[PDB]
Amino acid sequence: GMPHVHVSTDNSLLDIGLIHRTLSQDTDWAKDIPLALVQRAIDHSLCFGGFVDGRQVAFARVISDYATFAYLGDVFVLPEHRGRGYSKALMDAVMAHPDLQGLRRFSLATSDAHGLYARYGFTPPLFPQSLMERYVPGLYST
């Protein structure tokens, strides 16, 4: 039952339109995100695409200095491709990536997938009172 999925970090293979539609329409965190921002974001991130039979089926995106800090977001698997290990394939590649080793902090935000990310060593923050943000959820809508 092992997945047959290709995982790449070559942005040229990404299906930008698929990613844009998915993020814009089928996520809350990137609802209504403009195409130009999707493209710019990808251009300045370490992106993981998962592909089957010539089509993109999954995505994960890391923003990092490749030295001290990384942030994970935009993780998805298309609904018809779920339960096949494609999320795990991408996370395994993130955790193993040679430019994402030895980091002091790897951060993410999740509405309802805490148990999942816990299997990769993520925890609630050590020092939650230290954290601050300028955060505008729903920025792109209007």
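Residue indices: 1-based, along the sequence shown.
Higher mean CA B-factor, judged across 106-114 and 34-42 from the recorded values: 106-114. For the pair 115-123 and 12-20, the record assigns the higher mean C-alpha temperature factor to 115-123. When the modelled residues of the chain are ordered by C-alpha B-factor, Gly49 sits in the middle third. Sorting the modelled residues of the chain by their CA temperature factor places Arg82 in the highest third. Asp65: CA B factor in the lowest third of modelled residues in this chain (values from the PDB entry).
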